Every structure is written in C-alpha cells, then in structure tokens.
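Note that the chains take the letters A, B, C, D, E, F, G and H in the order they are written out, and that residue 1 is the start of every chain.
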Amino acid sequence: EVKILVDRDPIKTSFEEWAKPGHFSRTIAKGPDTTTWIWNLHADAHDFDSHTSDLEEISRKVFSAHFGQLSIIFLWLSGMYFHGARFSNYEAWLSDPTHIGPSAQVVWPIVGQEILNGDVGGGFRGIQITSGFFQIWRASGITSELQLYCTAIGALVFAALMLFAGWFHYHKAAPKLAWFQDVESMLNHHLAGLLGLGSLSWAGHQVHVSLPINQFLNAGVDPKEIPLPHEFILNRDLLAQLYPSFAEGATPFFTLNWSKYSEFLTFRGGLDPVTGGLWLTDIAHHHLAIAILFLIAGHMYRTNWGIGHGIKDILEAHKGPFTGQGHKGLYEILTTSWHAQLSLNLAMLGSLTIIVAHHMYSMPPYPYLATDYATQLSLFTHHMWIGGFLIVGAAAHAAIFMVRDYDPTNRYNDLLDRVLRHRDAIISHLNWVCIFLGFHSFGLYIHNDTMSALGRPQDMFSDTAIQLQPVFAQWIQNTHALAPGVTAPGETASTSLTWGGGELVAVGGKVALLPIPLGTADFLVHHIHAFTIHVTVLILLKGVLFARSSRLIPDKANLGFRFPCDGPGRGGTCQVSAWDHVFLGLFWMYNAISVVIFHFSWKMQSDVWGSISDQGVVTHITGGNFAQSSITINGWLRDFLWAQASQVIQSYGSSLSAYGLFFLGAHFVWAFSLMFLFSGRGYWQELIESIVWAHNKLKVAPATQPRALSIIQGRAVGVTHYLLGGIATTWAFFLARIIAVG
Amino acid sequence: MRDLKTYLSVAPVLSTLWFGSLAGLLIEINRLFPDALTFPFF
Amino acid sequence: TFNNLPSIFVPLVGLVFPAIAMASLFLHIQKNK
Amino acid sequence: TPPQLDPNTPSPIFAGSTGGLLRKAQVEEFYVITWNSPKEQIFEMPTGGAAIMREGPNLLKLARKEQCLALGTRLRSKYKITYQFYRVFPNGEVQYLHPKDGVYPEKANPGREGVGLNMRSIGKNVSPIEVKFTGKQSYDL
Amino acid sequence: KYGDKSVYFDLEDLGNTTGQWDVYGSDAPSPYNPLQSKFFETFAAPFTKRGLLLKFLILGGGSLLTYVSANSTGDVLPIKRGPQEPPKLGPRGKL
Amino acid sequence: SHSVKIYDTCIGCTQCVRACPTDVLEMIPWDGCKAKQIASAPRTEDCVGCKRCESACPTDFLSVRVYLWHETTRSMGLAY
Amino acid sequence: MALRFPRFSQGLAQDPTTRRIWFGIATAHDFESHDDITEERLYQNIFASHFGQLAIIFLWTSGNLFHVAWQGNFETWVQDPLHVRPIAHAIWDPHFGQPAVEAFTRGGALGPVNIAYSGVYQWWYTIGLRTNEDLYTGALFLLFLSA
Amino acid sequence: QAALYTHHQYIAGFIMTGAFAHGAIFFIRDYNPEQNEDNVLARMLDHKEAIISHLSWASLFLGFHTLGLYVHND
C-alpha cells in the first residue's frame, strides 16, 4: 500500500534561525572564528545530507527546495511573459517575422546605455532577444499583449503557489519517508499525469488554439483582426471552416473513425515551407500520441492494487547473458540515496538537454525559428552547455553517492561491486581510447596544419586530399533521405531535411536548413567530439570509481568527497579527491561543448545559414569554408575565430556594444580565474597576514580573521570564473556575430 | 519585528540594501548631472 | 659539394646525433656500479 | 613481546579485483594482514570492491602498508576486532609490523625508545647556513 | 599449502602467492623445422652481440641516412630541387 | 626515507598517532607534559609524507614535523 | 658519491621512480646541495661552469658568423642595406613542399633561407666586417675563443 | 628593432625574476641572522610586513585605477 504519510508542524516557522547564521550544522552554528566560516556556510548550505543524517528530514528539505526552485522558474517565466507584454515588439514581430528582430528588453537612458536599444524594427528601440520566446508565442497563437500579461500574472500566481507549497510541505504539513520511498506511484503519476496528461493538454491547446491561429497567420492575417481562441472553441462554424473534421465532433474519436481527423493531425513530415518551423498538425498529433504512450506507460508499476510491476520485482528478477544475477539491491540504494537518484536524473536530464539542442536546430519546431539565426544558435549553444553541466553534475553526485551513501554491509549490489573491482581495467581502456582519439583526431588536425604550412595540401586530410569520409553518417543520410518513401510511407516528406533531397525551405531571404553535407572535416570534428566526450568520461568516471579507495589512498572515503588532498606524500596527492575530478571534468566539458558549439556555428554559417536569391542559388554567411578551413587549426583561428569575431569588435556603437563589452570582460574573468587555478592558498594567506599586519597597525583589525580561500575553494572559484569567462566570451562572440549577420 | 532586524542586520542583506540605495543615488545623480568629466562648482 | 652539406649534417644532427645521445643517456640513466 | 608468527590461515571470500599484487610483490616487499573476526560479515576492502571475511582467523595479502593500516583502522573502529599485519619480502623474512609491542601505538607502552625526537622547540632549529657544507640538516642539529 | 581451500599464503611457495605465474608462457618444444632454425641461427648470429649491434646500427643507420639524403635527386624531396621560380620581392622594395 | 622529527612542545594528545596511516609514530613515556607521554617516530622508513600527523597536532605551530626527503617506493605510495 | 645517474645526489639515485631522472636533470647545476660538497669544490665547479658558458657563447656567435658567411647575403646587403633583406641562415627541411621552397627563397638566394631579424647584419656592418671572409675569420677566432 | 626590444625586455624580466629568486635562495640558504644582527639587511625582515603591504597597496591602487579607467573608456 501507498499511504499519504505526512506529519503536522515538524519545524516552527520563525525568524530565529534567520538571525543566527549557519544554524544548520554543528561546526558552523557557532559563529565566525575566521572568514572561511562564510565560505563553508555557503558551501554546505544545501548539503542536506551533511546537516541531518536521516532521509526523512533530507527528503522534506529537498522537496520544499524543489518547490522554491519551481517558484523561481515560474517567477522567471512571469518575467519573460511580462517583458514580452509591456516591453516588447511582439505585435510588430507577428506582422513581419523576417525583418523585425525579436526584442523584449528595453534599457533605461541613464549613462549612455540607451544605445543598447537598437533599431530591431517595428517602431521599437530595444535589445534583440535570442530566447525564441516570440517563436513559442506564435506557436501558441498568442497575437496579443493582453494574453502575455495575464499569463504573466498567472505565472506570478503559480510562483506564490509554489512558494506557499514549499512552506506548507516543510513547516506546516510535511511528508515522511514512506511517501518519498514509494516510487511506483511517483513514476506512475509523473508518467501518466505529468508527462501523459501534460502532453495531452498541450495537444488540446494546439488542436484548439495553435493550429487555427497559426493557419490564419500563415494564410496572411493582421494579428489584431484574428479571432480569439475562445471564439474557435465556442463558435463551431469558425473552427469547422478551418478544419471540417471538427464538424463531425468526437464521434470520429469514439467510433474510431480517426481517418477523417487527418485534416489537423497529419503525419506530414518535414518543415512548414510558409514559416520554416515544423507542421503544427504534426506537432499536435505528436503530443497526442505521446500522451497516449505515457498514459499507458504510467500504469506499469504496482502502487496500491494488485496489478502492476514492482521495480524491486523487476530488478531482482532480471537474469541475462551478462551479469544478470546482479541488479539486486538497486531499489535499496535508489530509494535510500538522494545522491544516486540525483546523479542518474542529472545524467539523463543533461543528455536530454543535448538531444533537445540537436533536435531543435535540425527539426525547428516553432514558426520562424530557423530564420532567426540568433535564436537557433543561442538555443543550441545554451542547451548544449546545460546538458554538459548537468552531466558533470551527474558525475559529482555519483561521487557523493560513492563516498557517503554507499554501504556494502547493508546496501550491497553485485553490479556496482563488479564495476569497482575491475575499475582499473575501465579507466585503463578509457585512458587508452582517449589517447587514441586525441591522436587520430587532433593529430590529424596537426598533420593538416603542418602539411598546409609546408605547402603540401595534397597530403592533408581533406576532400581535395587524403579523404576520411564519414561513410556511416553519409549512409544514414542517404537512408533517411529515402526513408519516407519505403520504410515510413505515412510521411510525405522525411522527418528532417538535413538528410538530402531537393528540399530547401526558405521563408524569405533566408535558408532555414538545407541538407547538411558531411565531408572530411565533419569526420575530423566528430572524432574531436567523441574524443572530448571520452576524456570527460575518463575524468568523471575515474573520480566516481576512485572516490572511495585506490592504490594511492586506500582510505579516501574517510577523507570525504570534497577534500583537497592527503598531503605532498606519495609524491603528491594534490587533486586526488572525486571533487577534484569533477572540477577537472568541468574544464573538459568546457572544451567539449565549446568545440561542439564552434562546429555548430561554423557548419551552419558555412553550409546552411545564408541568403537565397531570386535565381535560386544560396549565398552562405561564411561561404562554405568549413570543408577547407575547418580541417586546420589555423583555419579555426583565421576563418572562424578571427573572421567571425569582427562583428563583436565593430559592435561598439550599435546595440551590440554590450556584446563587445561582455566579450572583453568575459576574456578577463576567464583570465581572472587563472589567478586561482594556478596558485595556492599558502601564498595568499601569507600576503593576507602581511596585510593583516598593516591593519593591526591602524586599529582596524577585523574580528572575522582574514583567511585565504580553502584549497578546494580556490579550485572552485577558479573553475567557476574559468567557465564563466570562457562561456561568456563565446556567448558575446556568438550573439554579436549572428545578430550582426543573420 | 524581532530577529528580522537581526537578519536585515546581516552582512549580505545590509550590503545589498546599502548598495541598492547607493546605486540608486549614483544613478539618479547621473540622470540629473549626466556625462560629467569635471567638477565646475568649485 | 657545398649545397649538399646541409643534407649531410641536418640528419646527422637532428636524427643520428639524437639517437646516439638518447641511447647513451638512457644507458647512463639505468647504469648501476 | 614475541611476534604472532603468521600461519597459513584462510582468506576472505572475494571474487577478485584489479587492485592486487602486480610487481611490488614479485620483486619487492608485499604485506599481509590477519584479523580474527567473531562472525562472517561483509567489509569494504581497500583494493576496491567488497569482500566477506570469514569467522575466526582471516588473512589478506595487500600491496602496501597504507592498505593494511586503513583496513585495520576500519576494522578496529567499525567491527572492533584486533588486527595485526606483517611485511613479507619475496625471499621470506616475514616482518611483524603494526603494534610492535602488542599494544597499539596510541598507548604509551614502556620499552619503546625515543627515536626522531628533538629536545627543543621547533623554532630553535639552527639556520641552513649553520649546517651548510655538512651532511646534516637543520633538524638533526 | 597454496592449494588448500582459500589459502593463498604458502610461504615457501612464494611464487604462487606473489603472482609469479607465466600467464601464457608455453614450455612446448621448438615448433619450427630444425633446418630453418639452423639457418636463422647461423645467419643472425652476427647481430647477437649487443655492444657490436648498437655500434653497428648507429654507424649504419647514420651512414645510410646521410647517404640517401645526399644522393637524393630533385624528384624525391623538393628541398634539394631549389626555388624553381623567380624570387619575388619583399615588402617596401625588399625590406 | 622521509624524516619525521618531533619536538618537545608535544602535549601527549595521541592524535598524530591516531591519524598516521602507516604506523610511523608511537607514543612513548616521557616527563615533559601534563599527559606524561610523547610521540616518537621509529618507522620513518614507512612514512608516505601525507602530513596527517601535523594536520592533527594542536600546538601553536607544530610538534610533530615531517621533512620531506629521499623518496623510496614505500614513500611514493606505490602498490606496484 | 652515488650509484645511479644522479651521481651528484645519492637521494635521487636511491629513488626507484622516474622522479630520479627528472630531478637529476633539474638539480644538476645546484652545486650547493650536492653530496660531499665543500665551498672550495662549489666555487671551482662554478668557475669551470662559467668557462663552459663563455665557450658556448663564443661558439654560438661563431655559428651566427659562419651561417651568415656561408648562407648569408651579407656581401649583397652591404651594397644597398635598407632595400636588401638579411639572411640568418639557410634551411634544409626534408619535409618542405615545393611551394614552401618557392616561398622561403628570399634575399636573392640560391635556395630557401631565413631572414635575420636579429640585427647581426647591421651591427657587423657598423663595426667594419664588410666581406664574408671577415665573418669567416671572426667565426674562426670565436671557435678559437670557445676552445 | 621589434625583435630586439622584445628579446632584451623578456630577457630582462626573466633576469630580474632570477635576481629576486636568488635573493630568496640567499635568505634561506646563506643568510646568517646572528652574524648580521640589527644591520641594514636584518631590518628588511624586521618590517617585511610593511614592505609587502605597501607594495600590495601600490599594485592594488595601480590595478584598480588603471583598469577602472581602461574599462571606463571601453
């Protein structure tokens, strides 16, 4: 059985614990002996597994914390919808969504920053946004600032609702461990109800709102004299004139005569030629079918009645050809460790974010998204970075599971023990394939540089040279270009047009995804990507597996997950902790995702994004220079970094001056991080003690004793500023370039 | 309100209040006296 | 034969002398009296 | 005290791992730890993984002293059993290592002598100029 | 006794406890034909002496390398061809 | 190998020995402190150099004191 | 003094690890920290090392002079100096492609060459040293000073 | 001229860094405080905090204001 299992008033709502800082632990709820107290206060702020050593209080804390995060996300959504309501050119963008830059931010004219309000178009002076929110709102059929305003008030209502819910589910009526530990119900509800009915209700919105309004806007209609969605619901003649399938009603549905519903739930593959997005009929059919799928999927696990599955019953009965006797005890560790679940969920959520980027650049689902090149670049770049970060967090929390929440005595698993046993084979073969990949990708780039510098372009690795053609990806493109004719006859066109064919869905003077070719350079850079991914996996999996013990430190789980070292002995143990491994995997995730988004931006600016002429020949942004310049690192330095970073230096003056500024400042903070990564706490503590002498000599000695940052905190500040500066440099570069060229 | 004035007395809350007030002061001065490079009032 | 002298010495200092020095210094590295 | 004279006692039930005796045992010294477990139970061994130590006497051969003493401290703190490990050179001559007096080193047993012990504060050490061009360092007078 | 039930510390048989086993070393006899073996044993014996093999390889590899580079015509490698083009003037006249 | 010399400012708290993962240190009897014991260092040849002994020494600066020196296979933390 | 390669230090020679190699390379010229060292022997090693450095300096200058005398256009540079490119030395790189031989041929040379951006042309021309035989004589004299 | 100026200035910065590194090596290896009590060299270590803190003032002032003006102009 799965009861409600909550208790009333576990924690008293009061500001007494607001007053005393660092109340949540033993060594912080005393007061600052030093300035390390503040850093250890913020560091252990959400380390609920360190505050209270029971899963009940931990689970209540993370539940109400998720409510706070949801309140924050709803508040942020309210902000975006409101800035789209009162501080935007959304109407002018709807009237002409090809020459009006999406803008939903206006600056205040105070210190000359008013020049950041650019001529985006539509009688509006503001900042051209890149979140693609205008494209979402055209996919929803908004067509009015009143609707954005009222959904902003609704998102504020939901933010207050989530904040009250967190307060209620911590302080007034909080669940106990019997409520969280049951997961068959959590999965059943999050499948059938969250994701099932969520997709169902979004398909209902689309069937009843998005499809008619977008068909009207595609036919050509001023958004002011467009009928409202409730007119489509109520006035049946109207929606029936849009789609006569509505005239029959749901007796098509309940008599299973769905063939006549194929006027608004088509399987019309490919992109909408009128607007460059996907077909919203296809998307409505999609969300409907996904709703049916997740609704039948959320009735799989046994919760309170006889039917269903036990996840314990599945995992403990899953024998197979390769270590199927295992899988026993995983229900124990996953229902008694929030860090295991956090690691797994972060891994899959970040991988889904990356899947999201890769499927949004190529199958642009919103109207007029593919031709807002800033929107496409920003979305792919963003979700790539988010996915990489979330995977690195999966590493961090796998490690925190391995150190703290791992007991072979009580909670034993055969598979995890077998992984820890041969972990040196794992890391050795992964180190090897990392070296192999580094060589046979980056050394190919170095060979290309040397040969092109020695005047031997016949000896390079290129299409006009020694060819390393991606035969497998080219074969997949050949199949999927021919898939809908034989293998998927329900589709009139392919799922995407990146495969091949005489398909080039231009909406105006802009391309929107012609077929992306795959040459030698794409082989090279895809193997660079496999390389950087494998090195990130090396570092992170190595920290995970060696979080507990090694041949160097066999008592590392007693030192903790997040400790600097075990001293200079054994030669040195400087970055032996699993925290240090995620800290290095962050740098390698940075390298990986940065070369990924560089590949993306250059490939699209050279082979896809561009203008289309009245004769029918496409002129790309860079001009197809990816197959000849992106084989050499000098070409990435010259034809990509030096060439595309002309708009960010000429940005000064026009609206993009901020992107110019945020270039250099980002360039700084990255370098500012190098003060932390290269150095060590000892030098800074001695400098600080000299400065403390200078302060004692003026009766201005502080009582919070100045201490240099912790070693781990120096590394954290370093990787933090490093990622911030590098990523903000790339963000300024990307957005300035693509807003100044497309 | 007891123990709210102690929280608002804490270094970050007090720093954000002081720097919000100070930044608004500087911002409104630069609105009143924009584009200043000299002190000509003597 | 003076434009041929670079062809004699650039390998002899760059390939042959490095092999000689690397071998000899690797033996000196691993010697035990 | 007389040492404990390492016998051929049994070993824990372990399925094997990649954390054993590679070459530091073939040509150099390797180590061996013996502990009397009152009952058969599972424990995280320092070479990665999880073994099941048997009831009565157990014996585990490890690659270095830190593995042995880490496992020993975890045994003495978690299972409260009395461990004692050795060092076995590849020709023999098993060396009794850990307690060295029967009682653990945190207890001030008499008989053990003062070695590595300066009768001065730490900042009364002479400077390196005093011991320059001499084989001695500033912490050996 | 190393072959007892879960005893792996036979002190006199310290090769089985340390892991001195030949994982793949076969003591099986000579598989090659003895005449082929005699041919290789007589024809490769000159290279057996190490101190005379290191010296030989040094003074033979360096000789062959400094020779084949010297008598390499301007068809194998282009550095020995020459410019084979009118030399262009540099910036600012030539400076 | 290493050189773990201790000084007479030790108070006999037995934390340097309770932190030592290689049994370098051991408390001996002594008459220079309230606890009447001091931490010797016979097995300096087993010292890895991790300085857990002096990250647990509650003196004004330090009593136990690790001076890194000639590194052997026991002092380089080598299981191979 | 010691056995293995860091003969000057029996602490690195008695190091089974690869740290021996590195630290014996690095601490080779730290005579103050070597075994069996005296102030006398330290000073004498310093003196002989200074001699070695002076020898290498004169050898490097002799190499500059020889490669400007042999492979340089110095006799042509002293005619029209501010419109003729210096030549540091020739180049025989067997990895060069024919375009790179066409490109690195500068200063009116029989083959590919490197442009002396070091100023030895200007300095030598200012202190006399007109013909290439003068630079040959200078390189011979600096070989003599190296010896 | 550019190669020469860059050469000699990087050489000079390195040589200066080495001058100071060898002063540190002198203070560790070769300095005898009992031989030079209260002299002009021990007085460095008597007030080293003042030197270090006023260098830490001058550099901090220069960086704050140089960077502030450069960023103002940016």
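Quick notes on this one:
Just so we're on the same page, a residue touches a chain if its C-beta (ideal position, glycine included) is under 8 Å from a C-beta of that chain, and two chains touch if they have at least 3 such contacts.
Each chain's centre was taken as the mean of its CA atoms, and the one lying most distant from subunit E is B. For the interfaces D-F and A-B, the C-beta contact count is higher for D-F.
If you average the Cα atoms of subunit E and of subunit F, the two centres end up 49 Å apart. Subunit E and subunit H have Cα centroids separated by 52 Å. Note: centroid distance subunit D to subunit E, computed from Cα atoms, is 43 Å.
Computed centre separation for the pair subunit A/subunit G is 55 angstrom, with centres defined by C-alpha atoms. In subunit G, the positions touching at least two other chains are 17, 19, 32, 92-94, 96-98, 101-102, 110-111. Shared interface positions of subunit C, defined as residues touching 2 or more other chains, are 7. Contact with two or more other chains is made by residues 551, 553, 555, 571 of subunit A.
The complete set of chain-chain contacts reads A-B, A-D, A-F, A-G, A-H, C-E, C-G, D-E, D-F, D-G, D-H, E-G, F-G, G-H.
Against subunit G, the residues of subunit A that register as touching in their complex are 450-451, 453-456, 459, 571.
Within the complex, the subunit C residues that touch subunit G are 3, 6-7, 10, 28-33. On subunit A, the positions that touch subunit B within their shared complex are 14-16, 18-19, 21, 110-112.
Per the touch definition, subunit A reaches subunit H in the complex via residues 661, 664-665, 687, 689-691, 693-694. Across the complex, subunit A is touched by residues 15-19, 41-44, 46-50, 63-64, 66-67, 70-71, 73-74 of subunit D.
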